[PDB]
$ cat query20.cif   # mmCIF, N, CA and C atoms
data_query
#
loop_
_atom_site.label_atom_id
_atom_site.label_comp_id
_atom_site.auth_asym_id
_atom_site.auth_seq_id
_atom_site.Cartn_x
_atom_site.Cartn_y
_atom_site.Cartn_z
N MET T 1 13.14 -33.24 -4.98
CA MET T 1 12.39 -32.02 -4.79
C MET T 1 11.39 -31.85 -5.94
N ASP T 2 10.09 -31.79 -5.60
CA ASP T 2 9.04 -31.63 -6.60
C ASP T 2 9.13 -30.23 -7.21
N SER T 3 8.96 -30.13 -8.54
CA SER T 3 9.01 -28.86 -9.23
C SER T 3 7.75 -28.05 -8.92
N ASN T 4 6.61 -28.75 -8.80
CA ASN T 4 5.34 -28.10 -8.50
C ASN T 4 5.51 -27.20 -7.28
N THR T 5 6.37 -27.62 -6.33
CA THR T 5 6.62 -26.85 -5.12
C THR T 5 7.33 -25.55 -5.49
N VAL T 6 8.27 -25.62 -6.45
CA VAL T 6 9.02 -24.46 -6.89
C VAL T 6 8.06 -23.47 -7.58
N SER T 7 7.18 -24.00 -8.45
CA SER T 7 6.23 -23.18 -9.17
C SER T 7 5.28 -22.51 -8.16
N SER T 8 4.69 -23.31 -7.27
CA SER T 8 3.77 -22.80 -6.26
C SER T 8 4.46 -21.69 -5.47
N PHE T 9 5.77 -21.84 -5.24
CA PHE T 9 6.54 -20.85 -4.50
C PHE T 9 6.62 -19.56 -5.31
N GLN T 10 7.01 -19.68 -6.59
CA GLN T 10 7.12 -18.53 -7.47
C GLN T 10 5.81 -17.75 -7.46
N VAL T 11 4.68 -18.48 -7.45
CA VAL T 11 3.36 -17.86 -7.44
C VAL T 11 3.18 -17.07 -6.14
N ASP T 12 3.40 -17.75 -4.99
CA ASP T 12 3.26 -17.12 -3.69
C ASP T 12 4.15 -15.88 -3.63
N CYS T 13 5.32 -15.94 -4.30
CA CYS T 13 6.26 -14.83 -4.32
C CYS T 13 5.60 -13.63 -5.02
N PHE T 14 5.19 -13.82 -6.29
CA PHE T 14 4.55 -12.77 -7.06
C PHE T 14 3.35 -12.23 -6.28
N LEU T 15 2.55 -13.14 -5.69
CA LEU T 15 1.38 -12.76 -4.92
C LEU T 15 1.81 -11.83 -3.78
N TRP T 16 2.78 -12.27 -2.97
CA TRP T 16 3.28 -11.49 -1.86
C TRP T 16 3.61 -10.07 -2.34
N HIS T 17 4.20 -9.97 -3.54
CA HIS T 17 4.57 -8.69 -4.11
C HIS T 17 3.31 -7.84 -4.30
N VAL T 18 2.37 -8.33 -5.12
CA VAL T 18 1.12 -7.62 -5.38
C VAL T 18 0.50 -7.20 -4.06
N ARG T 19 0.53 -8.10 -3.06
CA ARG T 19 -0.03 -7.82 -1.75
C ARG T 19 0.66 -6.59 -1.15
N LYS T 20 2.00 -6.62 -1.09
CA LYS T 20 2.77 -5.51 -0.54
C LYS T 20 2.35 -4.22 -1.24
N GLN T 21 1.97 -4.32 -2.52
CA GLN T 21 1.55 -3.16 -3.29
C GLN T 21 0.18 -2.69 -2.80
N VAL T 22 -0.69 -3.66 -2.43
CA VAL T 22 -2.02 -3.35 -1.94
C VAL T 22 -1.91 -2.61 -0.60
N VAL T 23 -0.94 -3.03 0.24
CA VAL T 23 -0.73 -2.41 1.54
C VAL T 23 -0.13 -1.02 1.35
N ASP T 24 0.82 -0.90 0.40
CA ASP T 24 1.47 0.37 0.13
C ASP T 24 0.43 1.37 -0.40
N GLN T 25 -0.72 0.85 -0.86
CA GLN T 25 -1.78 1.68 -1.39
C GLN T 25 -2.64 2.20 -0.23
N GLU T 26 -2.26 1.85 1.01
CA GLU T 26 -2.98 2.28 2.19
C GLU T 26 -4.40 1.71 2.15
N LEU T 27 -4.51 0.39 1.92
CA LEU T 27 -5.81 -0.27 1.86
C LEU T 27 -5.76 -1.55 2.70
N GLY T 28 -4.86 -1.59 3.70
CA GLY T 28 -4.72 -2.74 4.57
C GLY T 28 -5.70 -2.62 5.73
N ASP T 29 -6.41 -3.72 6.04
CA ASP T 29 -7.38 -3.74 7.12
C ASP T 29 -6.66 -4.06 8.43
N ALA T 30 -6.07 -5.26 8.52
CA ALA T 30 -5.35 -5.69 9.71
C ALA T 30 -4.95 -7.16 9.56
N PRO T 31 -5.88 -7.99 9.07
CA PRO T 31 -5.66 -9.41 8.86
C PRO T 31 -4.79 -9.66 7.63
N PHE T 32 -5.02 -8.88 6.56
CA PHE T 32 -4.26 -9.01 5.33
C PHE T 32 -2.80 -8.67 5.60
N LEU T 33 -2.56 -7.58 6.35
CA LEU T 33 -1.21 -7.16 6.68
C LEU T 33 -0.54 -8.22 7.56
N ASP T 34 -1.25 -8.65 8.62
CA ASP T 34 -0.73 -9.65 9.53
C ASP T 34 -0.32 -10.89 8.74
N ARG T 35 -1.18 -11.31 7.79
CA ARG T 35 -0.91 -12.48 6.97
C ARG T 35 0.32 -12.22 6.11
N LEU T 36 0.44 -10.98 5.58
CA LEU T 36 1.57 -10.61 4.75
C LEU T 36 2.86 -10.76 5.54
N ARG T 37 2.84 -10.32 6.82
CA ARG T 37 4.01 -10.41 7.68
C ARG T 37 4.38 -11.88 7.88
N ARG T 38 3.42 -12.68 8.38
CA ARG T 38 3.65 -14.10 8.61
C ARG T 38 4.08 -14.76 7.31
N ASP T 39 3.59 -14.23 6.17
CA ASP T 39 3.92 -14.78 4.86
C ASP T 39 5.38 -14.45 4.53
N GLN T 40 5.84 -13.25 4.95
CA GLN T 40 7.20 -12.83 4.70
C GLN T 40 8.17 -13.76 5.44
N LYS T 41 7.89 -14.02 6.73
CA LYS T 41 8.73 -14.89 7.53
C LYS T 41 8.81 -16.27 6.87
N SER T 42 7.66 -16.78 6.39
CA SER T 42 7.61 -18.07 5.74
C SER T 42 8.36 -18.01 4.41
N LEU T 43 8.22 -16.87 3.70
CA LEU T 43 8.88 -16.68 2.42
C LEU T 43 10.40 -16.68 2.63
N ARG T 44 10.85 -16.09 3.75
CA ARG T 44 12.26 -16.02 4.06
C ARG T 44 12.78 -17.43 4.36
N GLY T 45 11.96 -18.24 5.05
CA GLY T 45 12.33 -19.61 5.39
C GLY T 45 12.52 -20.42 4.11
N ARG T 46 11.56 -20.29 3.17
CA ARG T 46 11.62 -21.01 1.91
C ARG T 46 12.75 -20.44 1.05
N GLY T 47 12.92 -19.11 1.10
CA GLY T 47 13.96 -18.44 0.33
C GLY T 47 15.33 -18.95 0.78
N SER T 48 15.48 -19.19 2.10
CA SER T 48 16.73 -19.68 2.65
C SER T 48 16.88 -21.17 2.35
N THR T 49 15.82 -21.95 2.63
CA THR T 49 15.83 -23.38 2.39
C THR T 49 16.12 -23.64 0.91
N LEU T 50 15.25 -23.11 0.02
CA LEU T 50 15.42 -23.28 -1.41
C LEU T 50 16.65 -22.51 -1.87
N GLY T 51 16.97 -21.41 -1.17
CA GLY T 51 18.13 -20.59 -1.51
C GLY T 51 17.91 -19.95 -2.89
N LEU T 52 16.63 -19.73 -3.25
CA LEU T 52 16.29 -19.13 -4.53
C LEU T 52 16.00 -17.64 -4.33
N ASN T 53 16.38 -16.82 -5.32
CA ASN T 53 16.17 -15.38 -5.26
C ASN T 53 14.67 -15.09 -5.34
N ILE T 54 14.16 -14.29 -4.38
CA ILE T 54 12.75 -13.93 -4.34
C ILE T 54 12.46 -12.91 -5.44
N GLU T 55 13.41 -11.99 -5.67
CA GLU T 55 13.26 -10.96 -6.68
C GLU T 55 13.09 -11.62 -8.05
N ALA T 56 13.99 -12.55 -8.38
CA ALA T 56 13.94 -13.25 -9.66
C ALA T 56 12.70 -14.15 -9.69
N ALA T 57 12.33 -14.72 -8.53
CA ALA T 57 11.17 -15.59 -8.43
C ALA T 57 9.91 -14.79 -8.79
N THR T 58 9.80 -13.57 -8.25
CA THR T 58 8.66 -12.71 -8.51
C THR T 58 8.56 -12.43 -10.01
N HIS T 59 9.73 -12.26 -10.66
CA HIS T 59 9.78 -11.99 -12.09
C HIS T 59 9.19 -13.18 -12.85
N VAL T 60 9.65 -14.40 -12.51
CA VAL T 60 9.17 -15.61 -13.16
C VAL T 60 7.65 -15.70 -13.01
N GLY T 61 7.15 -15.38 -11.80
CA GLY T 61 5.72 -15.43 -11.52
C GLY T 61 4.99 -14.48 -12.48
N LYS T 62 5.52 -13.25 -12.63
CA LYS T 62 4.92 -12.26 -13.51
C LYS T 62 4.64 -12.89 -14.87
N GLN T 63 5.63 -13.64 -15.40
CA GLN T 63 5.49 -14.30 -16.69
C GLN T 63 4.47 -15.43 -16.58
N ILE T 64 4.46 -16.12 -15.42
CA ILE T 64 3.53 -17.21 -15.19
C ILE T 64 2.10 -16.68 -15.24
N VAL T 65 1.89 -15.45 -14.76
CA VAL T 65 0.58 -14.83 -14.75
C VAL T 65 0.21 -14.42 -16.18
N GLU T 66 1.16 -13.80 -16.89
CA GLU T 66 0.93 -13.35 -18.26
C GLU T 66 0.62 -14.57 -19.14
N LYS T 67 1.20 -15.73 -18.79
CA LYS T 67 0.98 -16.95 -19.54
C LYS T 67 -0.44 -17.45 -19.30
N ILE T 68 -0.93 -17.31 -18.06
CA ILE T 68 -2.28 -17.74 -17.70
C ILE T 68 -3.29 -16.72 -18.24
N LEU T 69 -2.87 -15.44 -18.31
CA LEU T 69 -3.74 -14.38 -18.80
C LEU T 69 -3.84 -14.48 -20.33
N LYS T 70 -2.77 -14.95 -20.97
CA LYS T 70 -2.74 -15.09 -22.42
C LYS T 70 -3.75 -16.16 -22.85
N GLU T 71 -4.01 -17.13 -21.95
CA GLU T 71 -4.95 -18.21 -22.23
C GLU T 71 -6.38 -17.69 -22.05
N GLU T 72 -6.52 -16.58 -21.30
CA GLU T 72 -7.83 -15.99 -21.05
C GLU T 72 -7.64 -14.62 -20.39
N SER T 73 -7.69 -13.55 -21.20
CA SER T 73 -7.53 -12.19 -20.70
C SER T 73 -8.40 -12.01 -19.46
N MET L 1 -17.93 -0.42 9.30
CA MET L 1 -17.32 -1.21 8.25
C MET L 1 -16.34 -0.33 7.46
N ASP L 2 -15.03 -0.63 7.59
CA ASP L 2 -14.00 0.13 6.89
C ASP L 2 -13.97 -0.30 5.43
N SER L 3 -13.71 0.66 4.52
CA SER L 3 -13.65 0.38 3.10
C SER L 3 -12.39 -0.43 2.80
N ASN L 4 -11.30 -0.15 3.53
CA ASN L 4 -10.04 -0.85 3.34
C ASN L 4 -10.29 -2.36 3.39
N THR L 5 -11.26 -2.78 4.21
CA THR L 5 -11.60 -4.19 4.35
C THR L 5 -12.18 -4.70 3.03
N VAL L 6 -13.00 -3.86 2.37
CA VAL L 6 -13.61 -4.23 1.10
C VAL L 6 -12.52 -4.37 0.03
N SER L 7 -11.60 -3.39 -0.02
CA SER L 7 -10.52 -3.41 -0.98
C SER L 7 -9.65 -4.65 -0.76
N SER L 8 -9.23 -4.87 0.50
CA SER L 8 -8.41 -6.02 0.84
C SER L 8 -9.11 -7.30 0.40
N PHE L 9 -10.45 -7.32 0.52
CA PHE L 9 -11.24 -8.48 0.13
C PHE L 9 -11.15 -8.67 -1.39
N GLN L 10 -11.43 -7.59 -2.14
CA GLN L 10 -11.38 -7.64 -3.59
C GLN L 10 -10.04 -8.21 -4.04
N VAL L 11 -8.95 -7.80 -3.35
CA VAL L 11 -7.62 -8.27 -3.68
C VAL L 11 -7.54 -9.78 -3.44
N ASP L 12 -7.90 -10.22 -2.23
CA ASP L 12 -7.87 -11.63 -1.88
C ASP L 12 -8.69 -12.42 -2.90
N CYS L 13 -9.80 -11.82 -3.38
CA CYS L 13 -10.67 -12.46 -4.35
C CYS L 13 -9.88 -12.72 -5.63
N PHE L 14 -9.33 -11.65 -6.23
CA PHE L 14 -8.55 -11.76 -7.46
C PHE L 14 -7.42 -12.76 -7.25
N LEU L 15 -6.76 -12.68 -6.08
CA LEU L 15 -5.66 -13.58 -5.76
C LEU L 15 -6.15 -15.03 -5.81
N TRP L 16 -7.27 -15.30 -5.13
CA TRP L 16 -7.84 -16.64 -5.10
C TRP L 16 -8.03 -17.14 -6.53
N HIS L 17 -8.47 -16.24 -7.43
CA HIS L 17 -8.70 -16.59 -8.82
C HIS L 17 -7.37 -17.05 -9.44
N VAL L 18 -6.37 -16.15 -9.46
CA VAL L 18 -5.07 -16.46 -10.03
C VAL L 18 -4.57 -17.79 -9.45
N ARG L 19 -4.76 -17.98 -8.13
CA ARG L 19 -4.33 -19.19 -7.46
C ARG L 19 -5.01 -20.40 -8.11
N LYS L 20 -6.36 -20.35 -8.20
CA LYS L 20 -7.13 -21.43 -8.80
C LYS L 20 -6.55 -21.76 -10.17
N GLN L 21 -6.04 -20.73 -10.88
CA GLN L 21 -5.47 -20.91 -12.20
C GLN L 21 -4.15 -21.68 -12.07
N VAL L 22 -3.38 -21.38 -11.01
CA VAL L 22 -2.10 -22.03 -10.78
C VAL L 22 -2.33 -23.52 -10.52
N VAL L 23 -3.41 -23.84 -9.77
CA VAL L 23 -3.74 -25.22 -9.45
C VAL L 23 -4.24 -25.92 -10.72
N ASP L 24 -5.04 -25.20 -11.53
CA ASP L 24 -5.58 -25.75 -12.76
C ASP L 24 -4.44 -26.04 -13.73
N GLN L 25 -3.27 -25.43 -13.49
CA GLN L 25 -2.11 -25.61 -14.34
C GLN L 25 -1.37 -26.88 -13.91
N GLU L 26 -1.92 -27.59 -12.91
CA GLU L 26 -1.31 -28.81 -12.40
C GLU L 26 0.07 -28.49 -11.83
N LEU L 27 0.13 -27.49 -10.93
CA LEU L 27 1.38 -27.08 -10.31
C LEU L 27 1.17 -26.93 -8.80
N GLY L 28 0.14 -27.60 -8.27
CA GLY L 28 -0.17 -27.54 -6.85
C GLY L 28 0.68 -28.57 -6.10
N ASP L 29 1.31 -28.14 -4.99
CA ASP L 29 2.14 -29.02 -4.19
C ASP L 29 1.27 -29.79 -3.20
N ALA L 30 0.60 -29.06 -2.29
CA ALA L 30 -0.26 -29.67 -1.30
C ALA L 30 -0.73 -28.59 -0.31
N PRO L 31 0.21 -27.74 0.14
CA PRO L 31 -0.06 -26.66 1.08
C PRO L 31 -0.80 -25.51 0.39
N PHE L 32 -0.42 -25.21 -0.86
CA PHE L 32 -1.04 -24.14 -1.62
C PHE L 32 -2.51 -24.49 -1.88
N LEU L 33 -2.77 -25.75 -2.26
CA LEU L 33 -4.12 -26.21 -2.53
C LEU L 33 -4.94 -26.17 -1.24
N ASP L 34 -4.38 -26.74 -0.16
CA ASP L 34 -5.05 -26.77 1.13
C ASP L 34 -5.44 -25.34 1.53
N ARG L 35 -4.50 -24.39 1.35
CA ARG L 35 -4.74 -23.00 1.70
C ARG L 35 -5.86 -22.45 0.81
N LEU L 36 -5.85 -22.83 -0.48
CA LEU L 36 -6.86 -22.38 -1.42
C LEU L 36 -8.24 -22.83 -0.95
N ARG L 37 -8.33 -24.08 -0.46
CA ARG L 37 -9.59 -24.63 0.02
C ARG L 37 -10.06 -23.82 1.23
N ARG L 38 -9.21 -23.74 2.27
CA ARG L 38 -9.54 -23.00 3.48
C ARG L 38 -9.85 -21.54 3.11
N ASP L 39 -9.21 -21.04 2.04
CA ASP L 39 -9.41 -19.67 1.60
C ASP L 39 -10.80 -19.56 0.96
N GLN L 40 -11.23 -20.62 0.25
CA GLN L 40 -12.52 -20.63 -0.41
C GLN L 40 -13.63 -20.56 0.65
N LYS L 41 -13.52 -21.41 1.69
CA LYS L 41 -14.50 -21.44 2.76
C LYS L 41 -14.60 -20.06 3.40
N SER L 42 -13.43 -19.42 3.65
CA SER L 42 -13.39 -18.11 4.25
C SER L 42 -13.96 -17.08 3.27
N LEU L 43 -13.67 -17.26 1.97
CA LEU L 43 -14.15 -16.36 0.94
C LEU L 43 -15.68 -16.43 0.88
N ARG L 44 -16.24 -17.63 1.09
CA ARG L 44 -17.68 -17.83 1.06
C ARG L 44 -18.31 -17.13 2.26
N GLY L 45 -17.63 -17.18 3.42
CA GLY L 45 -18.12 -16.55 4.63
C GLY L 45 -18.17 -15.03 4.43
N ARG L 46 -17.10 -14.46 3.85
CA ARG L 46 -17.02 -13.04 3.60
C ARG L 46 -17.98 -12.67 2.47
N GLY L 47 -18.10 -13.56 1.47
CA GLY L 47 -18.98 -13.33 0.33
C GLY L 47 -20.43 -13.25 0.82
N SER L 48 -20.78 -14.09 1.81
CA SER L 48 -22.12 -14.11 2.37
C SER L 48 -22.30 -12.91 3.30
N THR L 49 -21.35 -12.73 4.24
CA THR L 49 -21.41 -11.64 5.19
C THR L 49 -21.47 -10.31 4.43
N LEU L 50 -20.44 -10.04 3.61
CA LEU L 50 -20.38 -8.81 2.83
C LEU L 50 -21.48 -8.84 1.77
N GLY L 51 -21.85 -10.05 1.31
CA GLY L 51 -22.88 -10.21 0.30
C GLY L 51 -22.38 -9.65 -1.03
N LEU L 52 -21.05 -9.71 -1.24
CA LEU L 52 -20.44 -9.21 -2.47
C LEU L 52 -20.15 -10.39 -3.40
N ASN L 53 -20.34 -10.18 -4.71
CA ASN L 53 -20.10 -11.22 -5.70
C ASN L 53 -18.59 -11.44 -5.85
N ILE L 54 -18.15 -12.71 -5.77
CA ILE L 54 -16.75 -13.05 -5.89
C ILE L 54 -16.27 -12.71 -7.31
N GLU L 55 -17.11 -13.01 -8.31
CA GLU L 55 -16.77 -12.75 -9.70
C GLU L 55 -16.58 -11.24 -9.90
N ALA L 56 -17.49 -10.44 -9.32
CA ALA L 56 -17.42 -8.99 -9.43
C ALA L 56 -16.19 -8.48 -8.68
N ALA L 57 -15.90 -9.10 -7.52
CA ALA L 57 -14.75 -8.71 -6.71
C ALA L 57 -13.47 -9.00 -7.48
N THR L 58 -13.40 -10.17 -8.13
CA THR L 58 -12.24 -10.56 -8.91
C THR L 58 -12.02 -9.56 -10.04
N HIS L 59 -13.12 -9.08 -10.65
CA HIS L 59 -13.05 -8.12 -11.73
C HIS L 59 -12.40 -6.83 -11.22
N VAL L 60 -13.03 -6.21 -10.21
CA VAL L 60 -12.52 -4.98 -9.63
C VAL L 60 -11.04 -5.15 -9.28
N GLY L 61 -10.67 -6.35 -8.80
CA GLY L 61 -9.30 -6.65 -8.43
C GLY L 61 -8.40 -6.51 -9.66
N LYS L 62 -8.81 -7.13 -10.78
CA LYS L 62 -8.05 -7.08 -12.01
C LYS L 62 -7.67 -5.62 -12.31
N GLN L 63 -8.64 -4.70 -12.13
CA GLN L 63 -8.41 -3.29 -12.38
C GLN L 63 -7.47 -2.74 -11.30
N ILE L 64 -7.63 -3.22 -10.06
CA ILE L 64 -6.80 -2.78 -8.95
C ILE L 64 -5.34 -3.13 -9.23
N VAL L 65 -5.11 -4.28 -9.89
CA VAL L 65 -3.77 -4.73 -10.22
C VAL L 65 -3.22 -3.88 -11.37
N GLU L 66 -4.06 -3.67 -12.41
CA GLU L 66 -3.66 -2.88 -13.56
C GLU L 66 -3.35 -1.45 -13.12
N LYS L 67 -4.04 -0.99 -12.06
CA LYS L 67 -3.84 0.36 -11.53
C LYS L 67 -2.47 0.43 -10.85
N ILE L 68 -2.10 -0.65 -10.13
CA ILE L 68 -0.83 -0.70 -9.43
C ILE L 68 0.30 -0.95 -10.44
N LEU L 69 -0.02 -1.67 -11.52
CA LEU L 69 0.96 -1.98 -12.56
C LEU L 69 1.21 -0.73 -13.40
N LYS L 70 0.17 0.10 -13.57
CA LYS L 70 0.27 1.32 -14.35
C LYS L 70 1.25 2.28 -13.66
N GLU L 71 1.35 2.18 -12.33
CA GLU L 71 2.24 3.03 -11.56
C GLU L 71 3.67 2.50 -11.67
N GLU L 72 3.81 1.22 -12.05
CA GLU L 72 5.11 0.59 -12.19
C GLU L 72 4.95 -0.77 -12.87
N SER L 73 5.16 -0.81 -14.20
CA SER L 73 5.04 -2.04 -14.96
C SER L 73 5.73 -3.18 -14.20
#
$ encode --input "query20.cif" --output "structure tokens"
Amino acid sequence: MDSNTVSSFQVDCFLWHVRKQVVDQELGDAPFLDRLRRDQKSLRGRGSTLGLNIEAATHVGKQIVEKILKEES
Amino acid sequence: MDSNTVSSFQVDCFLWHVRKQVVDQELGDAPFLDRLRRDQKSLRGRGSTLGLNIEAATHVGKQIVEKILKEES
């Protein structure tokens, strides 16, 4: 199992979160929400396959972003 | 033209940026990169149609994220 896949997953996880926040802000058009839904189903498939916690994954992503932001605010 | 579409776009823009950073980190599996490419082409279509600067959109997004983070670190 490639690690890059795990990292890419953690990213998609954090992203999905931020997205859900964008929708909760009542700023969803229709395609973004639809994609978020289809993304959730896919996230659940990977979450089950990988059997990795999405909540903890989102946390790791947060740090992954802060690490990339630390290199360039 | 709904504003929610503009906001959703700004978000996708910022997201595309963070994503590009994830790939630049040499953590791309294959599907994430492919999606990034197809996302770029679509981003260019919206960038041309909307005629909005991607760099400017990414900026506004950064604030959109900080605004959502300010509501909950």
$ residues_around --input "query20.cif" --residues "residue 36 (chain T)" --least-positions-apart "2" --cutoff "10 Å" --atoms "only C-alpha atoms" --output "PyMOL selection string"
chain T and resi 15-17+19-20+23+30-34+38-43
$ resolve_selection --input "query20.cif" --expression "the PyMOL selection byres ((chain L and name CA) within 6 of (chain T and name CA))" --output "list in words"
residues 4, 5, 27, 28 and 29 of chain L
$ select_by_dssp --input "query20.cif" --residues "chain L" --states "helix (DSSP H, G or I)" --output "PyMOL selection string"
chain L and resi 3-24+31-50+54-70
$ atom_distance --input "query20.cif" --atom1 "atom N of residue 60 (chain T)" --atom2 "atom N of residue 56 (chain L)"
27.6 Å
$ atom_distance --input "query20.cif" --atom1 "CA of residue 44 (chain T)" --atom2 "atom C of residue 63 (chain T)"
22.1 Å
$ axis_aligned_box --input "query20.cif" --around "region 50-60 of chain T" --padding-each-side "5 Å" --output "JSON"
{"center_x": 12.9, "center_y": -17.1, "center_z": -6.6, "size_x": 20.5, "size_y": 22.3, "size_z": 23.2}
$ atom_distance --input "query20.cif" --atom1 "CA of residue 62 (chain T)" --atom2 "CA of residue 53 (chain L)"
26.2 Å
